[PDB]
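The structure appears right after this line, and notes come after that.
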Amino acid sequence: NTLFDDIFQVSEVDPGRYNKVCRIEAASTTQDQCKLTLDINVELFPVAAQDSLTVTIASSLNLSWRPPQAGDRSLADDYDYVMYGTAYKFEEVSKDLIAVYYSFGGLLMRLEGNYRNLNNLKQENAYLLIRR
Amino acid sequence: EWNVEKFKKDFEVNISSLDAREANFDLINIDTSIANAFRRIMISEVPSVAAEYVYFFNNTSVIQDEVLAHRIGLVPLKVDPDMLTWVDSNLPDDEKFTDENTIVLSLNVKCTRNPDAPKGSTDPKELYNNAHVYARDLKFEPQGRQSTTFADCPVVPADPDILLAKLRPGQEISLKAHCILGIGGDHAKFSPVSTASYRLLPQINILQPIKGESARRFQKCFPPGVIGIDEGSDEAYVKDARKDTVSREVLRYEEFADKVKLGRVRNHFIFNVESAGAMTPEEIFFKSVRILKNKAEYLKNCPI
Amino acid sequence: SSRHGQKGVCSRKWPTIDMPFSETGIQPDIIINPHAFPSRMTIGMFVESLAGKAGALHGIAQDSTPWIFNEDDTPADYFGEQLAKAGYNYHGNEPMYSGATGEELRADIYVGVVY
Amino acid sequence: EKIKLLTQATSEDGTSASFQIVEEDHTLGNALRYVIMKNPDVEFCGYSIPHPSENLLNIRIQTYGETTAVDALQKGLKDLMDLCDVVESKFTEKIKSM
Amino acid sequence: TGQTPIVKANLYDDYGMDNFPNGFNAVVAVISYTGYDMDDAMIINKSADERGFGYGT
Amino acid sequence: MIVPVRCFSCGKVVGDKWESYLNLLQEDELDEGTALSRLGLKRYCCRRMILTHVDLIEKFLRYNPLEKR
Amino acid sequence: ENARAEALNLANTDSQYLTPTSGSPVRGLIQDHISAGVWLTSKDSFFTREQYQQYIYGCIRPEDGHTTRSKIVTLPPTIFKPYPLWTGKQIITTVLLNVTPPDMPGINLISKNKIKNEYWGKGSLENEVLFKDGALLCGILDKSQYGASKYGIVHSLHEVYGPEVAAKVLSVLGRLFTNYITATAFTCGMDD
Amino acid sequence: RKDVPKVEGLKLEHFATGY
Ligand SMILES: [Zn+2]
């Protein structure tokens, strides 16, 4: 089941010295103090500045791994881009703020926001799903 | 899902050209894992005939025996390999050869000074007789039954103008060469192709319009016919992509920094096969495919 | 060895099919590790391979007496213009493919002829 | 003889085995590996060359549990043979057309 | 079998070095592909070796 | 010493082209590149094998033990 | 047999990982493997299912005993949609997971490497290596991790799993970075 | 100083396979 959901307004897409991956700085359109940094490979999910993304962190996809076979359903069908990683840090920026660091096979996400609506993310293997 | 039929529907072949020595064709919608298998089998697995055993009786030229036998082995022979069988290396060297698996070549030649050479002449062919030993000098000695099997077509070198040796008067060369079957994996002389290889079809994605005189220089950064100028509007477009040798002169200018991306089509192989002379490139490709198939079949039939 | 003190023992005789092949069908007869250069710093071997490829193409020979090129008339620019005017790459690189698997290698390989 | 099953890697369920083929190299290994991976039933396929100076090829097949690795290899071999047959037939068609 | 260098000094001809060739022109790839040539080793094409590349007595 | 039978890199038989290259160089005033192109050598791997051949065998041959000098 | 057992146990090469001179390690991959590692463990490296499984099997080969599980085990892909895409740090993680014995956790290392953050872009953290239960989550594998560097990954694998496991790790990492350097070769030229 | 003289008569000596 889900653990987080929000709508983000991408501020910058920064390529760096890479080809496929890019750095996304996205601010939440629902919370005054929730922002995001994420690394996705824009060869698969190309993103431009001043866009809108539906970011969802889920504990699972069911409604080990194995390629899909005819007659399979999963949560990912609602989203275009889904990465799988894990959390490795939980930093408190200040009082009533918290940052949670995810690493999707080396692809790094630093999700920050108020503790009130981030209080469902813990050090487990969590999926990340993105939608336009 | 991938199936035999799902591959057979999309796979297609375009034979761009075909001589008796070079055949340039295409394999589309196939994987590199199989295109490279074909290339490797062509280069180093298709059997052919080359001289292996050399029996010098007398040699006095500047060329030493090892170098001479090496050159004689390197000479391609216009023999269809199907006409003869393989050799058992376990058998004794007396009976290791027969008339159905060994082709015998001889080279008996003696140089002598020509008495009719004009004064002041320096041409070696005028001064001396048999001053040059050519591959055409390799006579064929049909033995046993092969006298009538090879009667339909005599054995000759693929290139009879190969310069095997040079002689000066007094010097002679006398030898017999035994030619057997072999594959390029053992020795590079048995490989039937001068070079067999493929190249991914270039792909030129023009990201942005290039109207104006910028198209003239854009096309100028490519082989002559790769890019065309549109007749209606002054736009640039890709006429033929096979014509492009990937030189990346476009990226050398700051103008087209964000106007084009050069890539490739990973399922589109422009095969190019050139034969040594013993077989034809279409038969080389056919032999390679049959070899891969029979190898897989041998593995199937292999008990486990 | 080359003519630039780049000695090294022949490690293995690589099979031709296993050797990387280029888009023009040629397989190098010598493979030299790129890591030989950063410490030895024999840039002469680079510029010689460039000029040797250009000369083998055009059917010419290029003099390599020292001090004909200066800080303006760079040998890289000279032999690169010569390489481009024959269809090849200005930097001497060649798209090559791996002969072991079959796929194209990540970057353009630097090839040429050296003595 | 030619093909060999490494008893140190075969399992009781047979779904995961390793095969040692002599006189083979990348040429057969890579094509066979691709074709066997085209089977959705297998979970792991790869080819290993123990040493470039010896004519030995290692193939690993682990299945998901409906077919044995040996029959996965048999299916891969048959599929490679059929692939070669269709390539040859299309080449002969384009030769006749020309 | 020696060869003259494609790229050579002018004084190569003046001292008549072509009467005594020292090396062969070869196609050399500056590539990390083999893994058998890291410190100083180098890889020689087997086919070229079977064709007389760098042969001597 | 003498023209190699095959090109080292690819294997294209270049052993039957040395005399023709010499003739195209001497009789016609062809450049080496033009002569090699007209000889059928396209890859520079094949071009170098005839462009750079020295032919020391002719010098070797002037020392004949079996002929009075 | 006495000298046999001496050379196998006392003078063997597995025991000579650190020089007694100062305790610094003395074994590691050298140059080609180092650059291959920097390429394999960058964020730009993605591999399909066939590429991932082929790399892992080619460097492990459970018929010789590199694996401690009698059956090769892999990881879920980093990217699920549009199509599966494992990364290079997952190659490193799977190699470690197959060599490191079961019934034991993974290394929790926090080290650095020679290549700074400014050389990867903006806001990058690729200079900070990070392991967590045997999985590489950050940073490139450098000379600081295999080579003559203290407190890198092979040194820590030594300190935690004995000398034989670090022997297997260096051997398997050499095989991995070799089979990968033939697939995507490394070069240098006048443009550099 | 006179720059190294550019060779003349330089044309495309390399073409893609089958051309
Ligand atoms: Zn050649």
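Going line by line, the protein sequences match chains A, B, C, D, E, F, G and H.
FYI, in the UniProt record's numbering the residues of the first sequence are 3 to 65, 78 to 146.
FYI, in the UniProt record's numbering the residues of the second sequence are 30 to 333.
FYI, in the UniProt record's numbering the residues of the third sequence are 918 to 1032.
FYI, in the UniProt record's numbering the residues of the fourth sequence are 45 to 142.
FYI, in the UniProt record's numbering the residues of the fifth sequence are 746 to 802.
FYI, in the UniProt record's numbering the residues of the sixth sequence are 1 to 69.
FYI, in the UniProt record's numbering the residues of the seventh sequence are 641 to 832.
FYI, in the UniProt record's numbering the residues of the eighth sequence are 157 to 175.
Note that beta-carbon positions come from the ideal geometry of N, C-alpha and C, so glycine has one too.
Handout entry: Neighbouring residues (CB closer than 6 Å to any heavy atom of ligand 1)
Key = Selection output, chain order preserved: F:7, F:9, F:10, F:12, F:43, F:45, F:46.
Handout entry: residue 91 of chain D and residue 101 of chain D closer than 8 Å at C-beta
Key = Numbered from 1 along the fourth sequence, position 47 holds the residue referred to as residue 91 of chain D. Numbered from 1 along the fourth sequence, position 57 holds the residue referred to as residue 101 of chain D. Using a Cβ distance threshold of 8 Å, residue 91 of chain D and residue 101 of chain D count as a contacting pair.
Practice task
Return the chain-ordered list of same chain residues with a C-beta closer than 8 Å to the C-beta of residue 156 of chain B, the five sequence neighbours on each side being excluded.
Solution key: Position 127 of the second sequence, counted from the start, is the residue given in the question as residue 156 of chain B. Here the set comprises 142, 143, 146, 150.
Practice task
Can you give me the start and stop residues for the beta strand (DSSP E) that residue 231 of chain B sits inside?
Solution key: By one-based count along the second sequence, residue 231 of chain B stands at place 202. Its beta strand (DSSP E) spans residues 229-235.
Handout entry: Backbone secondary structure at residue 782 of chain G - three-state DSSP
Key = Start at 1 with the first residue of the seventh sequence, and residue 782 of chain G comes out as number 142. Reduced to three states, the DSSP call for residue 782 of chain G is coil.
Handout entry: Close-in-space but distant-in-sequence residues of the same chain around residue 1032 of chain C (CB under 8 Å, 5 per side omitted)
Key = Within the third sequence, numbered from 1, the residue matching residue 1032 of chain C stands at position 115. When the five nearest sequence neighbours on each side are left out, the beta carbons in the same chain lying within less than 8 Å of the beta carbon of residue 1032 of chain C are those of 919, 920, 965, 969, in order along the chain.
Exercise for the section: Please determine, among B:226, B:295, B:54, the residue with the shortest C-alpha to C-alpha distance to residue 134 of chain D. Expected result: Looking up residue 134 of chain D in the fourth sequence gives position 90. Checked all of B:226, B:295, B:54; the closest Cα to residue 134 of chain D is B:54.
Practice task
Please look up how many angstroms separate the CB atoms of residue 1 of chain F and residue 746 of chain E, rounded, as I've assumed it's under 8 Å.
Solution key: Locating residue 1 of chain F in the sixth sequence gives position 1, counting from the first residue. Locating residue 746 of chain E in the fifth sequence gives position 1, counting from the first residue. With 8 Å as the limit, residue 1 of chain F and residue 746 of chain E qualify as a contact, their Cβ atoms being about 6 Å apart.
Problem - Per-residue contacts from residue 1004 of chain C into chain H (C-beta, under 9 Å) - result: As a working note, residue 1004 of chain C is residue 87 in the third sequence. What residue 1004 of chain C touches in chain H: 168, 169, 170, 171, 172.
Practice task
Just the chain G side, please: which residues come within less than 8 Å of residue 88 of chain D by C-beta, in chain order?
Solution key: Working through the fourth sequence from its first residue, we reach residue 88 of chain D at position 44. Here the neighbours are 693, 697, 712, 714.
Problem - Of the residues G:789, G:781, G:821, G:828, the one placed nearest residue 699 of chain G, counting alpha carbons only - result: As a position in the seventh sequence, residue 699 of chain G is number 59, starting the count at 1. Taking the Cα of residue 699 of chain G as reference, the smallest distance to any Cα among G:789, G:781, G:821, G:828 is reached at G:821.
Practice task
Determine the burial state of residue 140 of chain D: buried for a count of at least 16 other Cβ atoms within 10 Å of its Cβ, exposed for fewer.
Solution key: Residue mapping note: residue 140 of chain D aligns to position 96 of the fourth sequence, counting from 1. Taking a 10 Å sphere around the C-beta of residue 140 of chain D, we find fewer than 16 other C-beta atoms and assign the residue as exposed.
Problem - Host beta strand (DSSP E) of residue 45 of chain B (start-end) - result: Sequence index remark: in the second sequence, residue 45 of chain B carries index 16 (1-based). Segment 41-47, the beta strand (DSSP E) holding residue 45 of chain B.
Practice task
Could you check the C-alpha separation between residue 216 of chain B and residue 936 of chain C for me, to the nearest Å?
Solution key: In the second sequence, residue 216 of chain B corresponds to position 187, counting from 1. In the third sequence, residue 936 of chain C corresponds to position 19, counting from 1. Answer to the nearest angstrom: the Cα atoms are 15 Å apart.
Problem - Assumed close pair residue 774 of chain E, residue 948 of chain C - CB separation to whole angstroms, cut-off 8 Å - result: Counting from 1 along the fifth sequence, the entry for residue 774 of chain E is found at position 29. Counting from 1 along the third sequence, the entry for residue 948 of chain C is found at position 31. With a Cβ gap of about 5 Å, residue 774 of chain E and residue 948 of chain C count as contacting.
Problem - Closer than 7 Å at the beta carbon, the chain B residues around residue 938 of chain C - result: Numbered from its first residue, the third sequence carries residue 938 of chain C at position 21. Within 7 Å Cβ-Cβ: 226.
Practice task
May I ask you to list the residues that DSSP assigns as paired with residue 43 of chain A?
Solution key: Along the first sequence, read from residue 1 onward, the residue named residue 43 of chain A stands at position 41. In DSSP, residue 43 of chain A forms a bridge with A:23.
Problem - Test: residue 52 of chain D CB closer than 8 Å to a CB of chain G - result: For the purposes of this step, residue 52 of chain D is taken as the residue at position 8 of the fourth sequence. Residue 52 of chain D counts as touching chain G.
Handout entry: Through-space distance from residue 48 of chain D to residue 36 of chain F, alpha-carbon basis
Key = The residue labelled residue 36 of chain F in the question sits at position 36 within the sixth sequence. The residue labelled residue 48 of chain D in the question sits at position 4 within the fourth sequence. Each residue's Cα considered, the two are about 52 Å apart.
Exercise for the section: Keeping to the same chain, check which residues put their C-beta closer than 7 Å to that of residue 172 of chain B; ignore five residues upstream and five downstream. Expected result: The residue labelled residue 172 of chain B in the question sits at position 143 within the second sequence. So the qualifying residues of the chain are 128, 133.
Exercise for the section: Can you tell me the Cβ-Cβ gap for residue 676 of chain G and residue 817 of chain G, rounded? I've got them flagged as a contact below 8 Å. Expected result: Counting from one through the seventh sequence, the residue named residue 676 of chain G turns up at place 36. Counting from one through the seventh sequence, the residue named residue 817 of chain G turns up at place 177. Distance from residue 676 of chain G to residue 817 of chain G at the Cβ level is roughly 4 Å; contact confirmed, criterion being Cβ atoms closer than 8 Å.
Problem - Extent of the continuous alpha helix (DSSP H) run through residue 18 of chain F - result: Indexing the sixth sequence from 1 puts residue 18 of chain F at position 18. Under the DSSP assignment, residue 18 of chain F falls in the alpha helix (DSSP H) whose first and last residues are 18-26.
Practice task
Give the range of the alpha helix (DSSP H) segment to which residue 70 of chain D is assigned.
Solution key: What you label residue 70 of chain D is simply residue 26 of the fourth sequence in a count that begins at 1. Judged by DSSP secondary structure, residue 70 of chain D falls within the alpha helix (DSSP H) whose first and last residues are 70-81.
Problem - Cβ-based burial, residue 104 of chain A [other Cβ within 10 Å; buried from 16] - result: Locating residue 104 of chain A in the first sequence gives position 90, counting from the first residue. Exposed: under 16 other Cβ atoms inside 10 Å.
Handout entry: Residue range of the alpha helix (DSSP H) that includes residue 320 of chain B
Key = The residue you call residue 320 of chain B lines up with position 291 of the second sequence. Where residue 320 of chain B is concerned, the enclosing alpha helix (DSSP H) stretches over 310-330.
Exercise for the section: Would you mind telling me which residues of chain D sit closer than 7 Å to residue 667 of chain G, beta carbon to beta carbon, in chain order? Expected result: If you number the seventh sequence from 1, residue 667 of chain G lands on position 27. For residue 667 of chain G, there are no C-beta contacts with chain D under 7 Å, since the nearest C-beta of that chain is about 22 Å from it.
Handout entry: residue 995 of chain C to residue 1013 of chain C span [Cα, whole Å]
Key = Here residue 995 of chain C corresponds to residue number 78 of the third sequence, with the count starting at 1. Here residue 1013 of chain C corresponds to residue number 96 of the third sequence, with the count starting at 1. Rounded to the nearest angstrom, the two C-alpha atoms are 24 Å apart.
Handout entry: Bridge-paired residues (DSSP) for residue 766 of chain G
Key = Your numbering for residue 766 of chain G matches position 126 in the seventh sequence. According to DSSP, residue 766 of chain G bridges with nothing at all.
Exercise for the section: Could you say if the stretch 114-128 of chain A and the stretch 708-725 of chain G meet the contact criterion of at least three C-beta pairs nearer than 8 Å? Expected result: Contact between the stretch 114-128 of chain A and the stretch 708-725 of chain G is established, with three or more Cβ pairs separated by less than 8 Å.
Exercise for the section: Report the residues of the stretch 817-832 of chain G with a CB closer than 9 Å to any CB of chain E, ordered along the chain. Expected result: Within the stretch 817-832 of chain G, the qualifying residues are 817, 818, 819, 821, 822, 825, 826, 827, 828, 829.
Practice task
Check each residue of the stretch 935-966 of chain C: if its Cβ is closer than 8 Å to any Cβ of chain F, include it; give the result in chain order.
Solution key: If the cut-off is 8 Å between Cβ atoms, the stretch 935-966 of chain C has 941, 942, 943, 944, 945, 946 near chain F.
Exercise for the section: Could you tell me whether the Cβ of residue 102 of chain D comes closer than 8 Å to any Cβ of chain C? Expected result: Taking the fourth sequence and counting its residues from 1, one reaches residue 102 of chain D at position 58. No, no contact with chain C.
Exercise for the section: Compute the distance between the beta-carbons of residue 1021 of chain C and residue 229 of chain B, then report whether it is under 8 Å. Expected result: By one-based count along the third sequence, residue 1021 of chain C stands at place 104. By one-based count along the second sequence, residue 229 of chain B stands at place 200. Yes, Cβ-Cβ distance for residue 1021 of chain C and residue 229 of chain B is below 8 Å.
Handout entry: Residues that DSSP places opposite residue 186 of chain B in a beta bridge
Key = The residue labelled residue 186 of chain B in the question sits at position 157 within the second sequence. B:106.
Practice task
Answer yes or no: does any C-beta atom of chain G fall closer than 8 Å to that of residue 23 of chain A?
Solution key: Working through the first sequence from its first residue, we reach residue 23 of chain A at position 21. Closer than 8 Å to the CB of residue 23 of chain A there is at least one CB belonging to chain G.
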